[PDB]
Amino acid sequence: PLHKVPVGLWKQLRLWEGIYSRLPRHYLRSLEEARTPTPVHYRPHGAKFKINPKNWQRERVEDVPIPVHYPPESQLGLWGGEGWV
Amino acid sequence: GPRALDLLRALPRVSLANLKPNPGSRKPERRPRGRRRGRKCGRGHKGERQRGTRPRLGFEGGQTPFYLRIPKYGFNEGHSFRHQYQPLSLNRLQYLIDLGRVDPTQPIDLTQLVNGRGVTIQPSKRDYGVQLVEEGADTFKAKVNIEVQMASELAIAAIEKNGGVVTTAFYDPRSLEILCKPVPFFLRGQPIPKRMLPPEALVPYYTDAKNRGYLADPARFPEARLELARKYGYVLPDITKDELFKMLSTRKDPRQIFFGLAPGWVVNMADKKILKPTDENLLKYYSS
Amino acid sequence: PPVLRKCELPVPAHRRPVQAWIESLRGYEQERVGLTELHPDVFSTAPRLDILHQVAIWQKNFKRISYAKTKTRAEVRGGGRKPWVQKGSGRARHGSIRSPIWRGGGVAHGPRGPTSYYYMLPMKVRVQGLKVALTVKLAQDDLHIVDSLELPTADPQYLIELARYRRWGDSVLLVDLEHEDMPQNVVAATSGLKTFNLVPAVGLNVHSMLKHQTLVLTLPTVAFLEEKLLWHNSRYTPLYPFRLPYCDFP
Amino acid sequence: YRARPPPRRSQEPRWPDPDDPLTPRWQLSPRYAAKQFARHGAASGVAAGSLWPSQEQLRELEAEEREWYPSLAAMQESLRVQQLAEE
Amino acid sequence: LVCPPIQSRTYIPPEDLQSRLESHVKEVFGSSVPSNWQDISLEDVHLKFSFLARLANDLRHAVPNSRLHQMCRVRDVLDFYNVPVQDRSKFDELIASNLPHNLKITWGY
Amino acid sequence: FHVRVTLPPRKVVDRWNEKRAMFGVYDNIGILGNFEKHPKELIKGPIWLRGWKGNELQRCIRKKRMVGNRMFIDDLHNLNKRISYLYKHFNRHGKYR
Amino acid sequence: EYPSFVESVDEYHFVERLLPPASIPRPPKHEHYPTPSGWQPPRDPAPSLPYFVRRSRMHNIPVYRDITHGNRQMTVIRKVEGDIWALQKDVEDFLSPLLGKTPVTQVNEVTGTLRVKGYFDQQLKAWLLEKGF
Ligand SMILES: [Mg+2]
Ligand SMILES: [Mg+2]
Ligand SMILES: [Mg+2]
Ligand SMILES: [Mg+2]
Ligand SMILES: [Mg+2]
Ligand SMILES: [Mg+2]
Ligand SMILES: [Mg+2]
Ligand SMILES: [Mg+2]
Ligand SMILES: [Mg+2]
Ligand SMILES: [Mg+2]
Ligand SMILES: [Mg+2]
Ligand SMILES: [Mg+2]
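Reading the values: the criteria
- Residues numbered from 1 in each chain as written, not as in the entry; some residues may be left out.
- Chains lettered and ligands numbered in written order.
- Part of a larger assembly, values for the part shown.
- Heavy atoms only, no water.
- UniProt positions renumbered as here; feature names shortened; annotations may be inferred.
- Helix = DSSP H or I, 4+ residues; strand = E, 2+ residues; numbered from the N terminus.
- Rg over C-alpha atoms; globule rule 2.2 N^0.38 Å.
- Buried < 20%, exposed > 50% of the residue type's maximum accessible area, 1.4 Å probe, protein only.
- Contact = heavy atoms within 4.5 Å.
- Pairing = 2+ DSSP bridges.
- Buried area = accessible area lost by both parts, 1.4 Å probe.
- Salt bridge = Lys/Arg side-chain N within 4 Å of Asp/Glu carboxyl O.
- Polar contact = N/O pair within 3.5 Å; in protein donor to acceptor, adjacent residues only side chain to side chain.
- Nonpolar A, V, L, I, M, F, W, Y, C, P; charged D, E, K, R; others polar.

- Going by what the PDB entry lists, chain G is known as Mrpl34 and is assigned to Sus scrofa.
- According to UniProt, the comment filed for chain G under the heading Subcellular location (unreviewed entry) is "Mitochondrion".

- As recorded in the PDB entry, chain D goes by the name 'Mitochondrial ribosomal protein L59, listed as coming from Sus scrofa.

### Regarding the overall build of chain G
In step 1: The number of helices and strands found in chain G is 2 helices and 7 strands.
In step 2: Beginning at the N terminus, the succession of helices and strands in chain G can be written as β-β-β-β-β-α-β-β-α.
In step 3: Taking 14 Å as the expected radius of gyration for a compact globule of 133 residues, we find that chain G reaches 23 Å, considerably beyond that expectation.
In step 4: Summarising its shape, the C-alpha atoms of chain G cover approximately 85 × 40 × 30 Å along the three principal directions.
In step 5: Going through the 133 residues of chain G one by one, you find that 38% of them count as buried.
In step 6: Counting contacts in chain G only where the partners sit at least 6 residues apart, residues at least 24 apart contribute 61% of the total.

### With respect to the pairing of strand β7 (residues 113-117) of chain G
All names here are of chain G.
In step 1: Note: strand β4 (residues 72-77) against β7, 4 bridges, orientation antiparallel. Note that in β7 the partner of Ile77 across the bridge is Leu114.
In step 2: As defined by bridge partners, strand β6 (residues 105-108) adjoins β7 across 4 bridges and the pair is classed as antiparallel. Within β7, the position partnered with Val107 by the bridge is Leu114.
In step 3: Here β6 folds back onto β7 in antiparallel fashion, the turn holding 4 residues, of which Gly112 has a positive phi close to 70 degrees.

### Considering the interface of chain F and chain C
In step 1: Counting residues at the interface gives 36 residues for chain F, matched by 46 residues for chain C.
In step 2: Summed over both sides, the interface between chain F and chain C buries roughly 3600 Å², with carbon and sulfur atoms accounting for 61% of that surface.
In step 3: On the chain F side of the contact with chain C, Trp16(F), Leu32(F) and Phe35(F) bury the most area, a combined 22% of that side's loss.
In step 4: Where chain F meets chain C, there are 3 salt bridges.
In step 5: Residue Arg112(C) is joined to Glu56(F) by a salt bridge in which the shortest nitrogen-to-oxygen separation is 2.9 Å.
In step 6: At the boundary of chain F and chain C, one finds 10 residue pairs in polar contact.
In step 7: When residues of the side of chain F that touches chain C are traced back to their parent elements, those giving at least two are α1 (18-21), α2 (56-67) and α3 (73-92) of chain F.
In step 8: In terms of residue count, the dominant contributor to the side of chain F that touches chain C is α3(F) (3 residues).
In step 9: Residues that form the side of chain F that touches chain C fall into these classes: 16 nonpolar, 8 polar and 12 charged.

This is the structure in structure tokens:
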């Protein structure tokens, strides 16, 4: 048999029920939106479109963040948004 | 008509009970049971193959494979970016006009050809449109206003002699897709986009009156046009004095996809209404 | 008053239409209440039992989804471990005790997953199938064009005995033009019957026509079918789906 | 017996709950709204003015179009130079 | 609401056929008979319907829906009604066919 | 090989029950219905299987793409393993190459 | 801040052009037959022959060619309503003076179809035109 709601949404609908419902709305709206963190270790290319050097064609290009690990001792200080690669 | 019907009075009801697939329709499958198809069951004996493990397709048994000893050469090189023009012979055009699929009375562009199913465009395959080829040149008697994306001297010559007009226009891939299947686009709920210009390689094509390019200087048209007569030895008619002339002169804006509609409008097909932007910025963008 | 029905669509020059009695359902005794022309390209089509077969089989199968599942030696409960050592124990060598050889073990091939049998016979073939079914129902005398469908009463016994008096056979398929417009006497009578079945035009199909011994078509129903089926001989291949705007087409 | 009522395609405009988490994110798009307009559009309850690019969207379309699609004059100029160098 | 007892469909043509059919030719078409009365065409639907319905109530026998495309002249209706139709089965045809003494058939249905 | 000694209760199937009498009724819904609904719509079944078909690998692969995140752990794991198996088998094994 | 718009019904006849027909148009009457592309319509009456050949939905004569195994060339005559055996007789009597021998044939009586060995497609369209089908 199947779960009616996808498990990825089990974290979210955990917050729509119980005591989390009674939390102040501004707080929940500060947690909801995850803004993309400023690039630190990887260096981003500005353009959305980039001409393929080999091909000579206009290519769509995206920026993919490099996963960085933050040891818990980084939570005691301020490391400048960076951490272990 | 069908004398078969008269044999059906005599015979029992057609029911679900007696129904035969046409003989030969089903070749019966065979299973590895019994003395014939059992005992090694068509798999041979031992080795790699009876066990089902023989190597991949190109593999030659360790000697350098045939498809890899041959050297690489650009053949299909950049194939995806080559332009593709679907050919339309004058023979097919004539045959379509004769049978009343496309009518020569109103102007003929890509949408008209597609709607008569005289031609099929698939932009996803990088079709840039129809090209006109001369196969039926001698036989061609029709009088038409035609717009294609490419044409041959001979084809043009064969259309002029009959008192029509050819013009080569360009459509970019998006434009093209919209052009060929307009009604699927009008359900899309988007404005009518600008027609893009041709890329730098194709500019010397559409700027020439030789090709009767849509970007060409009309001053050269009546000159070059007459030239085509001297070569093929026929009297060039005066298109001006004809009764259908107002239709024959009909162009598109180089920035327009259709006839009589304009970039930036919106077609609401349920209300049978058109919607146009009153905004200044929008009107500057769409009209540029 | 004689009810005479002329065809509403062009017949080919080389072919005359076909004719059938218009029967009325009100009296037991009124058998021929009128005269009708049916179109030769629908009811006179060359009988094709081969295509009938294709379409009946299609109707049967294309809907079908088998939920029959067996566990492979992978999905069975346990037996990740070699039940004894490869050599010296003196007996046959085995990996998992859930191997398809073993008693409780996994099934070697067997049915797998919910399976769909789904396919589409090309349009023109299903159309042709319908034409042929109609043709054959007619040629074998088992098709009856009825006017009306107004019934004198809601007693189903009336209907049974009516079918007995006209020798209609055991089962009867009553086709009506739309679902809401069905007369209430009919609906009452036919809701309590097993063999007599009332169905709207859009629910006409090959299977049901071969299941019931006798077909009864309303007059507007004929005028409907004739047009719907005939439409396909003259039509282009679809550019995009027909549910979208077309020039002439609804 | 008598058959069920025939299955029919409702031609009314269809709007899914924007607040129901079980709803697919493709049916919440602007694109879905526009399509819902082009299907009906009077009865849709879609603002027609919503079918055009915003000031932001328009400025970006503008910027992009001016970047990757040159002027006719700019291109003829571009070609004459190449032809010159080849000569 | 009563139900009339079913007809047996067993049909033999009567000797008066020609006269019945020509009388119906005259009264249905309302026409003084053109010299050949059996060769007149049934193409009109009023005339065909009235003619055949009258034949049906007179002769206690009707033309089946399949054969109604087959009747053009009146000659066709003549020829149709000349041929008898037995509603007895093959079995029932064998009971009455004068069987030898050494063959007994018993019906066990 | 011992065979059952008692005649089973003879099962009477009436073919005129509702489900059998109404079978295949709306199959022509597209043609006769001025095409709006394709016969696919009539198909009652698993979500990933409606109006679609394919060999066991394709089937599994599709099930995972559609409902794979609504699945129970054990069943998802089993599915992944089945997919991997079928992949290896179809691609690398057989007579015909 | 939705920009302003204007609703007019008057250009919609330009959209009406773009709708494709779902049915195939009956061919236009001409003043001269055969037409430039060589298409000739069927006759006003139909011949007396005990068979008939329907036109294609596109109004052409249903004679096609077919290959199999790359070397087997055939010609199919389709949509034959009538005594097909008649048509077989006439077709082999027509083709015989060409090959010196009777052409090999297959008659499908249920399909309403004739099938001939070799490519005779042109000459057969000509011959079926002459008989006015
Ligand atoms: Mg097998
Ligand atoms: Mg063997
Ligand atoms: Mg053995
Ligand atoms: Mg061995
Ligand atoms: Mg060996
Ligand atoms: Mg193509
Ligand atoms: Mg295991
Ligand atoms: Mg282990
Ligand atoms: Mg031992
Ligand atoms: Mg092992
Ligand atoms: Mg088990
Ligand atoms: Mg072939």
